[PDB]
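What's in final-v3.cif: mmCIF, N, CA and C atoms
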data_model
#
loop_
_atom_site.group_PDB
_atom_site.id
_atom_site.type_symbol
_atom_site.label_atom_id
_atom_site.label_comp_id
_atom_site.auth_asym_id
_atom_site.auth_seq_id
_atom_site.Cartn_x
_atom_site.Cartn_y
_atom_site.Cartn_z
ATOM 1 N N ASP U 1 -10.777 4.402 2.376
ATOM 2 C CA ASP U 1 -9.560 3.665 1.955
ATOM 3 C C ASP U 1 -8.887 3.135 3.228
ATOM 4 N N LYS U 2 -8.039 2.155 3.035
ATOM 5 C CA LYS U 2 -7.300 1.523 4.142
ATOM 6 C C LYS U 2 -5.818 1.461 3.788
ATOM 7 N N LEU U 3 -5.125 2.473 4.246
ATOM 8 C CA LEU U 3 -3.662 2.568 3.997
ATOM 9 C C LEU U 3 -3.004 1.285 4.518
ATOM 10 N N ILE U 4 -1.802 1.086 4.071
ATOM 11 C CA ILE U 4 -1.022 -0.103 4.485
ATOM 12 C C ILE U 4 0.402 0.330 4.836
ATOM 13 N N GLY U 5 0.960 1.183 4.014
ATOM 14 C CA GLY U 5 2.340 1.663 4.272
ATOM 15 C C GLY U 5 2.817 2.512 3.100
ATOM 16 N N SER U 6 4.108 2.489 2.904
ATOM 17 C CA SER U 6 4.700 3.265 1.816
ATOM 18 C C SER U 6 4.889 2.379 0.590
ATOM 19 N N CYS U 7 5.222 2.976 -0.507
ATOM 20 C CA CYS U 7 5.436 2.261 -1.787
ATOM 21 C C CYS U 7 6.641 2.886 -2.491
ATOM 22 N N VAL U 8 7.669 3.131 -1.713
ATOM 23 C CA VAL U 8 8.915 3.738 -2.260
ATOM 24 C C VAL U 8 10.061 2.753 -2.014
ATOM 25 N N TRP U 9 10.795 2.491 -3.067
ATOM 26 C CA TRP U 9 11.933 1.549 -2.941
ATOM 27 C C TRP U 9 13.089 2.308 -2.286
ATOM 28 N N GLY U 10 12.913 2.514 -1.005
ATOM 29 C CA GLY U 10 13.923 3.231 -0.185
ATOM 30 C C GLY U 10 13.254 4.181 0.801
ATOM 31 N N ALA U 11 12.412 3.615 1.630
ATOM 32 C CA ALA U 11 11.679 4.407 2.651
ATOM 33 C C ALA U 11 11.260 3.485 3.802
ATOM 34 N N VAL U 12 10.716 4.101 4.820
ATOM 35 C CA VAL U 12 10.260 3.342 6.017
ATOM 36 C C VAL U 12 8.895 2.741 5.682
ATOM 37 N N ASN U 13 8.421 1.912 6.581
ATOM 38 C CA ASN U 13 7.112 1.220 6.414
ATOM 39 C C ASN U 13 6.983 0.757 4.960
ATOM 40 N N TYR U 14 8.129 0.464 4.390
ATOM 41 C CA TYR U 14 8.171 0.001 2.987
ATOM 42 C C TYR U 14 7.198 -1.167 2.788
ATOM 43 N N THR U 15 6.507 -1.143 1.675
ATOM 44 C CA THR U 15 5.549 -2.231 1.407
ATOM 45 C C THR U 15 6.239 -3.338 0.618
ATOM 46 N N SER U 16 6.472 -3.134 -0.651
ATOM 47 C CA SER U 16 7.138 -4.144 -1.524
ATOM 48 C C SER U 16 6.065 -5.053 -2.103
ATOM 49 N N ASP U 17 5.057 -5.327 -1.321
ATOM 50 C CA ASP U 17 3.945 -6.186 -1.770
ATOM 51 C C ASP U 17 2.621 -5.603 -1.284
ATOM 52 N N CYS U 18 2.218 -4.515 -1.898
ATOM 53 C CA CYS U 18 0.935 -3.843 -1.525
ATOM 54 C C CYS U 18 -0.116 -4.924 -1.294
ATOM 55 N N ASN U 19 -0.542 -5.542 -2.366
ATOM 56 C CA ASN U 19 -1.560 -6.621 -2.274
ATOM 57 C C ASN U 19 -1.233 -7.523 -1.082
ATOM 58 N N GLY U 20 0.034 -7.657 -0.822
ATOM 59 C CA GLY U 20 0.506 -8.504 0.303
ATOM 60 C C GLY U 20 0.119 -7.864 1.629
ATOM 61 N N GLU U 21 0.613 -6.682 1.859
ATOM 62 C CA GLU U 21 0.324 -5.928 3.106
ATOM 63 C C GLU U 21 -1.187 -5.791 3.277
ATOM 64 N N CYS U 22 -1.863 -5.697 2.167
ATOM 65 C CA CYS U 22 -3.337 -5.554 2.170
ATOM 66 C C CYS U 22 -3.954 -6.895 2.514
ATOM 67 N N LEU U 23 -3.437 -7.940 1.917
ATOM 68 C CA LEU U 23 -3.943 -9.301 2.171
ATOM 69 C C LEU U 23 -3.652 -9.655 3.618
ATOM 70 N N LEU U 24 -2.573 -9.099 4.115
ATOM 71 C CA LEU U 24 -2.150 -9.341 5.519
ATOM 72 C C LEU U 24 -3.219 -8.800 6.479
ATOM 73 N N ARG U 25 -3.899 -7.804 6.002
ATOM 74 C CA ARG U 25 -4.998 -7.133 6.763
ATOM 75 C C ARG U 25 -6.365 -7.670 6.317
ATOM 76 N N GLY U 26 -6.345 -8.572 5.369
ATOM 77 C CA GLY U 26 -7.616 -9.165 4.855
ATOM 78 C C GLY U 26 -8.310 -8.185 3.906
ATOM 79 N N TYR U 27 -7.564 -7.193 3.489
ATOM 80 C CA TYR U 27 -8.108 -6.170 2.571
ATOM 81 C C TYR U 27 -8.117 -6.708 1.139
ATOM 82 N N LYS U 28 -8.756 -5.940 0.296
ATOM 83 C CA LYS U 28 -8.866 -6.319 -1.127
ATOM 84 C C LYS U 28 -7.621 -5.827 -1.863
ATOM 85 N N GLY U 29 -7.353 -6.481 -2.966
ATOM 86 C CA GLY U 29 -6.185 -6.140 -3.821
ATOM 87 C C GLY U 29 -5.913 -4.637 -3.776
ATOM 88 N N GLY U 30 -4.899 -4.277 -3.036
ATOM 89 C CA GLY U 30 -4.536 -2.845 -2.914
ATOM 90 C C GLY U 30 -3.677 -2.417 -4.093
ATOM 91 N N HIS U 31 -3.165 -1.223 -3.972
ATOM 92 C CA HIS U 31 -2.301 -0.662 -5.051
ATOM 93 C C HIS U 31 -1.544 0.551 -4.519
ATOM 94 N N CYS U 32 -0.662 1.044 -5.350
ATOM 95 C CA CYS U 32 0.136 2.225 -4.957
ATOM 96 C C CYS U 32 -0.580 3.463 -5.481
ATOM 97 N N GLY U 33 -0.382 4.534 -4.752
ATOM 98 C CA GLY U 33 -1.001 5.830 -5.121
ATOM 99 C C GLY U 33 -1.027 6.013 -6.634
ATOM 100 N N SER U 34 -2.121 6.559 -7.092
ATOM 101 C CA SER U 34 -2.300 6.796 -8.551
ATOM 102 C C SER U 34 -1.580 8.090 -8.942
ATOM 103 N N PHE U 35 -1.831 9.130 -8.183
ATOM 104 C CA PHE U 35 -1.185 10.438 -8.472
ATOM 105 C C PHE U 35 -0.309 10.856 -7.286
ATOM 106 N N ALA U 36 0.308 9.872 -6.677
ATOM 107 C CA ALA U 36 1.188 10.121 -5.521
ATOM 108 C C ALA U 36 2.031 8.872 -5.250
ATOM 109 N N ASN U 37 2.632 8.378 -6.300
ATOM 110 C CA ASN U 37 3.494 7.171 -6.230
ATOM 111 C C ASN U 37 4.469 7.342 -5.060
ATOM 112 N N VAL U 38 4.067 6.884 -3.904
ATOM 113 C CA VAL U 38 4.932 7.001 -2.704
ATOM 114 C C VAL U 38 4.315 6.176 -1.579
ATOM 115 N N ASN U 39 3.008 6.249 -1.479
ATOM 116 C CA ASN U 39 2.287 5.479 -0.422
ATOM 117 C C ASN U 39 1.310 4.510 -1.065
ATOM 118 N N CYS U 40 1.079 3.422 -0.379
ATOM 119 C CA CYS U 40 0.145 2.405 -0.919
ATOM 120 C C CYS U 40 -1.127 2.469 -0.084
ATOM 121 N N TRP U 41 -2.185 2.027 -0.707
ATOM 122 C CA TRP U 41 -3.516 2.024 -0.043
ATOM 123 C C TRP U 41 -4.279 0.777 -0.460
ATOM 124 N N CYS U 42 -5.251 0.414 0.353
ATOM 125 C CA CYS U 42 -6.028 -0.789 -0.028
ATOM 126 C C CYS U 42 -7.255 -0.320 -0.790
ATOM 127 N N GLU U 43 -7.858 -1.262 -1.457
ATOM 128 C CA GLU U 43 -9.053 -0.966 -2.280
ATOM 129 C C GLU U 43 -10.315 -1.297 -1.510
ATOM 130 N N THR U 44 -10.382 -0.684 -0.354
ATOM 131 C CA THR U 44 -11.570 -0.946 0.462
ATOM 132 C C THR U 44 -12.678 0.094 0.237
#
Represent the structure from my file as structure tokens, please.
Amino acid sequence: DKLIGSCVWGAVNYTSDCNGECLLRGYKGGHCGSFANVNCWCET
């Protein structure tokens, strides 16, 4: 997996646009943790 940042509306390294932060890295459509809604990861 290829982390990107956090996925909490009120935290540091805030993402806001997972797919965005992932696209920024040329990664594939990322998403937010499935069983840990807090950090986002890419679908690599």
Need to verify the contact set: stretch 21-26 of chain U, 10 Å, only C-alpha atoms, exclusion of same-chain residues closer than 4 positions in sequence. Can you return it as a compact mmCIF listing (two decimals) with N, CA and C atoms, in the frame of the given file?
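Result file follows (selection_16.txt):
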# COMPACT_ATOMS: atom_id res chain seq x y z
N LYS U 2 -8.04 2.15 3.04
CA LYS U 2 -7.30 1.52 4.14
C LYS U 2 -5.82 1.46 3.79
N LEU U 3 -5.12 2.47 4.25
CA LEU U 3 -3.66 2.57 4.00
C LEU U 3 -3.00 1.28 4.52
N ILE U 4 -1.80 1.09 4.07
CA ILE U 4 -1.02 -0.10 4.49
C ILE U 4 0.40 0.33 4.84
N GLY U 5 0.96 1.18 4.01
CA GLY U 5 2.34 1.66 4.27
C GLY U 5 2.82 2.51 3.10
N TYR U 14 8.13 0.46 4.39
CA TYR U 14 8.17 0.00 2.99
C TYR U 14 7.20 -1.17 2.79
N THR U 15 6.51 -1.14 1.68
CA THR U 15 5.55 -2.23 1.41
C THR U 15 6.24 -3.34 0.62
N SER U 16 6.47 -3.13 -0.65
CA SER U 16 7.14 -4.14 -1.52
C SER U 16 6.06 -5.05 -2.10
N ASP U 17 5.06 -5.33 -1.32
CA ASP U 17 3.94 -6.19 -1.77
C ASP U 17 2.62 -5.60 -1.28
N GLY U 30 -4.90 -4.28 -3.04
CA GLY U 30 -4.54 -2.84 -2.91
C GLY U 30 -3.68 -2.42 -4.09
N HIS U 31 -3.16 -1.22 -3.97
CA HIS U 31 -2.30 -0.66 -5.05
C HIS U 31 -1.54 0.55 -4.52
N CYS U 40 1.08 3.42 -0.38
CA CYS U 40 0.14 2.40 -0.92
C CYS U 40 -1.13 2.47 -0.08
N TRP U 41 -2.18 2.03 -0.71
CA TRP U 41 -3.52 2.02 -0.04
C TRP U 41 -4.28 0.78 -0.46
N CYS U 42 -5.25 0.41 0.35
CA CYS U 42 -6.03 -0.79 -0.03
C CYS U 42 -7.26 -0.32 -0.79
N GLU U 43 -7.86 -1.26 -1.46
CA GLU U 43 -9.05 -0.97 -2.28
C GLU U 43 -10.32 -1.30 -1.51
N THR U 44 -10.38 -0.68 -0.35
CA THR U 44 -11.57 -0.95 0.46
C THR U 44 -12.68 0.09 0.24
* Name the residues of chain U that come out as strand (DSSP E or B) in a backbone DSSP run; write them as a ChimeraX atom specification. => /U:2-6,14,31-32,37,39-42
* Asked: Could you work out how far atom CA of residue U:35 lies from atom CA of residue U:13, giving the answer in Å with one decimal?
  ->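 These atoms are spaced 19.4 Å apart.
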* Structure fact -> Here atom N of residue U:38 and atom CA of residue U:6 stand apart by 6.8 Å
* **Computed interatomic separation between atom N of residue U:39 and atom C of residue U:8 (Å)** => 7.9 Å
Axis-aligned box for all listed atoms of stretch 9-14 of chain U, 4 Å per side, centre and edges in Å to one decimal, as lines of an AutoDock Vina configuration file:
center_x = 10.5
center_y = 1.6
center_z = 1.8
size_x = 14.9
size_y = 13.6
size_z = 17.6
